[PDB]
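Asks: Coordinates in protein39.cif, mmCIF, C-alpha atoms, are listed below.
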```cif
data_model
loop_
_atom_site.group_PDB
_atom_site.id
_atom_site.type_symbol
_atom_site.label_atom_id
_atom_site.label_comp_id
_atom_site.auth_asym_id
_atom_site.auth_seq_id
_atom_site.Cartn_x
_atom_site.Cartn_y
_atom_site.Cartn_z
ATOM 1 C CA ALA A 1 137.140 221.771 175.597
ATOM 2 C CA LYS A 2 136.596 217.990 175.652
ATOM 3 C CA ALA A 3 134.867 217.021 172.398
ATOM 4 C CA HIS A 4 131.392 216.513 170.984
ATOM 5 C CA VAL A 5 131.018 212.727 170.814
ATOM 6 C CA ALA A 6 128.137 210.275 170.487
ATOM 7 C CA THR A 7 128.074 206.491 170.755
ATOM 8 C CA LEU A 8 125.764 203.649 169.698
ATOM 9 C CA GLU A 9 126.539 200.212 171.144
ATOM 10 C CA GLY A 10 123.278 198.243 171.010
ATOM 11 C CA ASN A 11 120.573 196.799 168.745
ATOM 12 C CA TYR A 12 116.999 195.528 168.862
ATOM 13 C CA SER A 13 117.980 191.880 168.372
ATOM 14 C CA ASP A 14 119.997 191.997 171.612
ATOM 15 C CA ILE A 15 116.828 192.363 173.723
ATOM 16 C CA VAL A 16 114.390 189.930 172.086
ATOM 17 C CA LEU A 17 116.774 187.131 171.123
ATOM 18 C CA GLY A 18 114.001 185.261 169.280
ATOM 19 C CA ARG A 19 110.257 184.649 169.000
ATOM 20 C CA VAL A 20 107.713 181.961 168.402
ATOM 21 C CA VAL A 21 106.234 182.912 165.035
ATOM 22 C CA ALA A 22 102.476 182.453 164.844
ATOM 23 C CA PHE A 23 100.635 181.523 161.664
ATOM 24 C CA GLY A 24 97.297 183.085 162.597
ATOM 25 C CA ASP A 25 98.569 186.529 163.589
ATOM 26 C CA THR A 26 102.113 187.886 163.786
ATOM 27 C CA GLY A 27 100.960 190.233 166.557
ATOM 28 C CA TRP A 28 100.245 187.421 169.009
ATOM 29 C CA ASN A 29 103.398 188.308 170.961
ATOM 30 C CA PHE A 30 102.771 192.040 171.438
ATOM 31 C CA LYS A 31 100.353 194.219 173.387
ATOM 32 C CA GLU A 32 99.720 197.950 173.012
ATOM 33 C CA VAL A 33 99.394 200.283 176.006
ATOM 34 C CA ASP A 34 99.362 204.047 176.543
ATOM 35 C CA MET A 35 102.438 205.576 178.180
ATOM 36 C CA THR A 36 103.508 209.025 179.397
ATOM 37 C CA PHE A 37 106.304 209.589 176.903
ATOM 38 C CA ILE A 38 107.638 212.866 178.350
ATOM 39 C CA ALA A 39 107.348 213.553 182.068
ATOM 40 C CA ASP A 40 104.531 215.912 183.003
ATOM 41 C CA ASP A 41 106.740 218.639 184.483
ATOM 42 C CA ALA A 42 109.764 218.381 182.178
ATOM 43 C CA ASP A 43 110.197 221.085 179.564
ATOM 44 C CA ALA A 44 109.075 220.419 176.007
ATOM 45 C CA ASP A 45 112.652 219.960 174.735
ATOM 46 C CA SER A 46 113.691 217.471 177.421
ATOM 47 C CA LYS A 47 114.421 214.028 176.020
ATOM 48 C CA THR A 48 112.188 211.193 177.161
ATOM 49 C CA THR A 49 113.312 209.232 180.212
ATOM 50 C CA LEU A 50 112.128 205.903 178.780
ATOM 51 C CA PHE A 51 114.829 203.566 177.491
ATOM 52 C CA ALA A 52 114.381 200.319 175.599
ATOM 53 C CA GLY A 53 114.325 197.228 177.788
ATOM 54 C CA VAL A 54 112.550 198.751 180.794
ATOM 55 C CA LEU A 55 109.884 196.617 182.467
ATOM 56 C CA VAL A 56 106.420 198.187 182.364
ATOM 57 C CA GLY A 57 103.079 197.075 183.724
ATOM 58 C CA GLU A 58 99.924 196.639 181.671
ATOM 59 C CA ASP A 59 98.809 200.166 182.655
ATOM 60 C CA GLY A 60 101.777 202.005 181.127
ATOM 61 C CA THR A 61 103.619 202.696 184.390
ATOM 62 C CA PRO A 62 107.242 201.480 184.567
ATOM 63 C CA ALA A 63 107.706 198.946 187.341
ATOM 64 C CA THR A 64 109.661 199.924 190.450
ATOM 65 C CA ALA A 65 108.794 196.555 192.016
ATOM 66 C CA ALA A 66 108.931 192.965 190.811
ATOM 67 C CA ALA A 67 105.159 192.506 191.120
ATOM 68 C CA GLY A 68 104.245 195.138 188.526
ATOM 69 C CA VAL A 69 106.156 193.411 185.721
ATOM 70 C CA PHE A 70 103.953 192.684 182.711
ATOM 71 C CA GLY A 71 106.090 193.259 179.632
ATOM 72 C CA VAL A 72 109.296 194.652 178.186
ATOM 73 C CA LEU A 73 109.149 197.941 176.303
ATOM 74 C CA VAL A 74 110.445 197.295 172.782
ATOM 75 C CA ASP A 75 108.833 200.216 170.969
ATOM 76 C CA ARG A 76 110.651 201.475 167.888
ATOM 77 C CA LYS A 77 110.503 205.042 169.243
ATOM 78 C CA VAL A 78 112.934 204.370 172.118
ATOM 79 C CA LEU A 79 115.477 202.024 170.548
ATOM 80 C CA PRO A 80 119.140 203.040 170.852
ATOM 81 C CA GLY A 81 120.060 205.923 168.574
ATOM 82 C CA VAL A 82 116.550 207.261 167.889
ATOM 83 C CA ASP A 83 116.808 210.727 169.444
ATOM 84 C CA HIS A 84 114.728 212.662 166.905
ATOM 85 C CA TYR A 85 111.542 212.904 169.013
ATOM 86 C CA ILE A 86 112.529 215.980 171.018
ATOM 87 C CA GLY A 87 109.770 218.523 171.538
ATOM 88 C CA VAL A 88 107.502 216.467 169.293
ATOM 89 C CA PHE A 89 105.183 215.626 172.208
ATOM 90 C CA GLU A 90 103.383 217.890 174.640
ATOM 91 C CA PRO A 91 104.673 217.327 178.195
ATOM 92 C CA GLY A 92 102.117 215.119 179.916
ATOM 93 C CA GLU A 93 100.957 213.554 176.652
ATOM 94 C CA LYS A 94 100.106 209.856 176.641
ATOM 95 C CA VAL A 95 101.172 208.027 173.480
ATOM 96 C CA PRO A 96 100.652 204.336 172.605
ATOM 97 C CA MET A 97 103.623 201.997 172.950
ATOM 98 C CA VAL A 98 104.262 198.374 171.996
ATOM 99 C CA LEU A 99 105.053 195.805 174.696
ATOM 100 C CA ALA A 100 106.351 192.277 174.123
ATOM 101 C CA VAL A 101 104.601 189.770 176.365
ATOM 102 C CA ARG A 102 104.395 186.186 175.106
ATOM 103 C CA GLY A 103 106.574 183.646 173.356
ATOM 104 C CA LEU A 104 110.004 185.292 173.465
ATOM 105 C CA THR A 105 113.586 184.593 174.441
ATOM 106 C CA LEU A 106 114.554 187.576 176.584
ATOM 107 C CA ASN A 107 118.083 188.619 177.531
ATOM 108 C CA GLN A 108 118.673 188.705 181.289
ATOM 109 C CA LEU A 109 121.056 191.648 181.327
ATOM 110 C CA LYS A 110 119.071 194.227 179.337
ATOM 111 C CA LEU A 111 115.939 193.945 181.489
ATOM 112 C CA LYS A 112 116.007 196.779 184.012
ATOM 113 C CA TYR A 113 113.619 198.304 186.518
ATOM 114 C CA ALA A 114 112.271 201.821 186.088
ATOM 115 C CA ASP A 115 115.483 203.258 187.587
ATOM 116 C CA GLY A 116 118.054 201.105 185.776
ATOM 117 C CA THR A 117 118.458 198.619 188.635
ATOM 118 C CA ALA A 118 118.679 195.053 187.366
ATOM 119 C CA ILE A 119 115.863 192.568 187.978
ATOM 120 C CA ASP A 120 115.743 190.085 190.847
ATOM 121 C CA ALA A 121 114.596 186.474 190.997
ATOM 122 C CA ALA A 122 111.048 187.580 191.822
ATOM 123 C CA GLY A 123 110.952 189.605 188.613
ATOM 124 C CA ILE A 124 112.226 186.649 186.596
ATOM 125 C CA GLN A 125 109.554 184.359 188.024
ATOM 126 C CA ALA A 126 106.830 186.965 187.492
ATOM 127 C CA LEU A 127 107.780 187.588 183.863
ATOM 128 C CA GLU A 128 108.327 183.927 182.959
ATOM 129 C CA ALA A 129 104.691 183.208 183.832
ATOM 130 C CA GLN A 130 103.694 185.030 180.637
ATOM 131 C CA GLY A 131 105.665 182.400 178.707
ATOM 132 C CA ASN A 132 109.117 183.899 178.148
ATOM 133 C CA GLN A 133 112.564 182.326 178.480
ATOM 134 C CA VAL A 134 114.887 184.591 180.468
ATOM 135 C CA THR A 135 118.408 183.300 179.814
ATOM 136 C CA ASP A 136 121.996 184.048 180.846
ATOM 137 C CA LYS A 137 123.697 182.154 178.000
ATOM 138 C CA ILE A 138 125.210 185.094 176.091
ATOM 139 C CA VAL A 139 128.721 184.764 174.681
ATOM 140 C CA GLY A 140 129.513 188.479 174.642
ATOM 141 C CA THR A 141 132.399 190.117 172.825
ATOM 142 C CA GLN A 142 135.924 191.388 173.435
ATOM 143 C CA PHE A 143 137.537 194.492 171.956
ATOM 144 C CA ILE A 144 140.984 195.699 170.910
ATOM 145 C CA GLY A 145 143.085 195.111 174.007
ATOM 146 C CA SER A 146 141.905 191.620 174.957
ATOM 147 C CA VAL A 147 144.362 189.104 173.531
ATOM 148 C CA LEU A 148 142.868 186.100 171.742
ATOM 149 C CA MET B 1 119.946 213.715 154.631
ATOM 150 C CA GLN B 2 120.902 212.040 157.892
ATOM 151 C CA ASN B 3 118.678 212.113 160.972
ATOM 152 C CA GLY B 4 120.153 212.659 164.402
ATOM 153 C CA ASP B 5 123.472 210.870 164.021
ATOM 154 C CA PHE B 6 122.635 207.391 162.655
ATOM 155 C CA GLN B 7 119.346 207.459 160.673
ATOM 156 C CA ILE B 8 118.242 208.959 157.342
ATOM 157 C CA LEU B 9 115.450 211.187 156.027
ATOM 158 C CA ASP B 10 113.751 211.827 152.701
ATOM 159 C CA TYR B 11 114.059 215.363 151.304
ATOM 160 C CA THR B 12 111.048 216.774 149.446
ATOM 161 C CA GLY B 13 112.566 219.840 147.766
ATOM 162 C CA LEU B 14 112.186 223.540 148.506
ATOM 163 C CA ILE B 15 109.086 225.725 148.818
ATOM 164 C CA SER B 16 109.250 229.480 148.270
ATOM 165 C CA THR B 17 106.824 232.383 147.947
ATOM 166 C CA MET B 18 107.014 236.096 147.202
ATOM 167 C CA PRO B 19 104.569 238.973 147.754
ATOM 168 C CA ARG B 20 102.666 240.943 145.148
ATOM 169 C CA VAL B 21 104.244 243.556 142.882
ATOM 170 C CA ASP B 22 101.634 245.659 141.065
ATOM 171 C CA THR B 23 102.570 247.332 137.774
ATOM 172 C CA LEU B 24 99.154 248.206 136.307
ATOM 173 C CA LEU B 25 99.745 251.958 136.531
ATOM 174 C CA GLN B 26 103.317 251.676 135.242
ATOM 175 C CA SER B 27 102.320 249.440 132.328
ATOM 176 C CA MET B 28 99.953 252.051 130.867
ATOM 177 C CA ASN B 29 103.018 254.223 130.064
ATOM 178 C CA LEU B 30 101.146 257.372 131.178
ATOM 179 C CA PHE B 31 104.193 259.216 132.526
ATOM 180 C CA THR B 32 107.072 260.804 130.627
ATOM 181 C CA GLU B 33 110.689 261.174 131.737
ATOM 182 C CA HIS B 34 113.080 264.131 131.653
ATOM 183 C CA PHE B 35 116.731 264.020 132.737
ATOM 184 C CA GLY B 36 118.490 267.218 133.778
ATOM 185 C CA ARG B 37 121.473 268.541 135.740
ATOM 186 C CA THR B 38 120.366 270.602 138.769
ATOM 187 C CA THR B 39 118.115 270.023 141.794
ATOM 188 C CA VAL B 40 115.666 272.862 141.007
ATOM 189 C CA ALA B 41 113.329 272.722 138.010
ATOM 190 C CA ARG B 42 111.232 275.422 136.351
ATOM 191 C CA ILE B 43 108.135 275.297 134.154
ATOM 192 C CA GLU B 44 106.590 277.950 131.911
ATOM 193 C CA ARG B 45 102.957 278.441 130.898
ATOM 194 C CA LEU B 46 101.460 280.606 128.147
ATOM 195 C CA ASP B 47 97.756 281.451 127.874
ATOM 196 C CA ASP B 48 96.256 282.876 124.681
ATOM 197 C CA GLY B 49 92.728 283.573 123.495
ATOM 198 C CA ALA B 50 90.717 285.606 120.993
ATOM 199 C CA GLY B 51 88.525 288.688 120.708
ATOM 200 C CA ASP B 52 84.963 289.472 119.619
ATOM 201 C CA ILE B 53 85.409 291.678 116.554
ATOM 202 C CA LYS B 54 82.647 294.249 116.073
ATOM 203 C CA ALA B 55 81.389 296.049 112.976
ATOM 204 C CA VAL B 56 82.423 299.601 112.077
#
```
When written as structure tokens, how does the structure in this file appear?
Replies:
Amino acid sequence: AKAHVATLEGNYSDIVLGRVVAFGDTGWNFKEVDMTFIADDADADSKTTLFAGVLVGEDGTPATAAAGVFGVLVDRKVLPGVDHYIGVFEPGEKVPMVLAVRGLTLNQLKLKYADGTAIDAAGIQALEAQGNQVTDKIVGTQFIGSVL
Amino acid sequence: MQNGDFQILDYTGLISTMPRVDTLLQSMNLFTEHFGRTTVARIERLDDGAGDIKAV
């Protein structure tokens, strides 16, 4: 019968590795857009297909091409482990979401197109123009079986 | 209480309600009670009056 198991292996700090803190307004780095949280046709109890770290344009549509990259979805409603919002939204509803745009250090690996596929060089160049530092310098971690 | 599998929630106690139960008629104590043995009960009635006496 297998087993009922759940796993959580990620945090918010692993996507936005750091900011530039403004003195005039702490919201200088974020923009708010309206997004289709639950697909139009999916049943009310279907979980949302959005996952933290996806690249979304300024019009709320996840990017399937490098050109339509405007920001990284970092809303607190789609972070790893937050599964409560099931059936809480009418299918086809559009709900505001928070995008991070300017003045950030962004992890290369967690950025992903609408369909999970990693981002190319064109995407990196397009996103950097907003003033973000996409980096590959992550130490990582090793577990259990890896001798040290 | 936990939420999902990793978060927490605040619990705000229970809320309960019950429907009406009217006892106005019962409270007045109008009725009497008799306890017997069988399933068939009898009652008896007696009617009495008077007469118009004449002179003789």
Asks: Pull out every residue of chain A that has at least one atom within 7 Å of chain B, counting only C-alpha atoms, and report them as a JSON list (two decimals) with C-alpha atoms, keeping the file's coordinate frame.
Replies:
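Resulting contents of iface-v1.json:
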```
[["chain", "number", "residue", "atom", "x", "y", "z"],
["A", 81, "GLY", "CA", 120.06, 205.92, 168.57],
["A", 83, "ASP", "CA", 116.81, 210.73, 169.44],
["A", 84, "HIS", "CA", 114.73, 212.66, 166.90]]
```
Asks: Provide the atom CA of residue 55 of chain A to atom CA of residue 69 of chain A distance in Å, to one decimal place.
Replies: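 It comes out at 5.9 Å.
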Asks: Using the chain letters and numbers from the file, which residues does the PyMOL selection byres ((chain A and resi 108-113) around 10) grab, as a PyMOL selection string?
Replies: chain A and resi 14-16+51-56+62-66+69+72-73+105-107+114-120+123-124+133-138
Asks: Emit the selected residues as a tab-separated table (two decimals), keeping the file's coordinate frame, including C-alpha atoms.
Replies:
```tsv
chain	number	residue	atom	x	y	z
A	14	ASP	CA	120.00	192.00	171.61
A	15	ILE	CA	116.83	192.36	173.72
A	16	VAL	CA	114.39	189.93	172.09
A	51	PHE	CA	114.83	203.57	177.49
A	52	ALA	CA	114.38	200.32	175.60
A	53	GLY	CA	114.32	197.23	177.79
A	54	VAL	CA	112.55	198.75	180.79
A	55	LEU	CA	109.88	196.62	182.47
A	56	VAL	CA	106.42	198.19	182.36
A	62	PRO	CA	107.24	201.48	184.57
A	63	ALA	CA	107.71	198.95	187.34
A	64	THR	CA	109.66	199.92	190.45
A	65	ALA	CA	108.79	196.56	192.02
A	66	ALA	CA	108.93	192.96	190.81
A	69	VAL	CA	106.16	193.41	185.72
A	72	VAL	CA	109.30	194.65	178.19
A	73	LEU	CA	109.15	197.94	176.30
A	105	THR	CA	113.59	184.59	174.44
A	106	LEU	CA	114.55	187.58	176.58
A	107	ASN	CA	118.08	188.62	177.53
A	114	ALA	CA	112.27	201.82	186.09
A	115	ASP	CA	115.48	203.26	187.59
A	116	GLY	CA	118.05	201.10	185.78
A	117	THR	CA	118.46	198.62	188.64
A	118	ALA	CA	118.68	195.05	187.37
A	119	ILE	CA	115.86	192.57	187.98
A	120	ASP	CA	115.74	190.08	190.85
A	123	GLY	CA	110.95	189.60	188.61
A	124	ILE	CA	112.23	186.65	186.60
A	133	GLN	CA	112.56	182.33	178.48
A	134	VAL	CA	114.89	184.59	180.47
A	135	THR	CA	118.41	183.30	179.81
A	136	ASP	CA	122.00	184.05	180.85
A	137	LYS	CA	123.70	182.15	178.00
A	138	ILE	CA	125.21	185.09	176.09
```
Asks: What does the distance from atom CA of residue 40 of chain A to atom CA of residue 94 of chain A come to in Å, to one decimal?
Replies: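 Atom CA of residue 94 of chain A lies at a distance of 9.8 Å from atom CA of residue 40 of chain A.
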Asks: Nearest residue to residue 1 of chain B out of B:33, B:56, B:23, B:13, using all atoms listed in the file?
Replies: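 Looking at the shortest contact to residue 1 of chain B, the residue is B:13.
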Asks: Apply the PyMOL selection byres ((chain A and resi 85) around 12) to the structure shown and report the selected residues as a ChimeraX atom specification.
Replies: /A:37-38,44-49,76-79,81-84,86-90 /B:3-4
Asks: Quick one: pull the distance between atom CA of residue 29 of chain A and atom CA of residue 98 of chain A, Å, one decimal.
Replies: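 According to the coordinates, atom CA of residue 29 of chain A and atom CA of residue 98 of chain A are separated by 10.2 Å.
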Asks: Written as a PyMOL selection string, which residues does the PyMOL selection byres ((chain A and resi 30) around 6) give for the file shown?
Replies: chain A and resi 27-29+31+99-101
Asks: So that I can check the surroundings of residue 104 of chain A, please list as number ranges by chain every protein, DNA and RNA residue that reaches within 6 Å of it, counting only C-alpha atoms and ignoring chain neighbours fewer than 4 positions away.
Replies: A: 18-19, 132
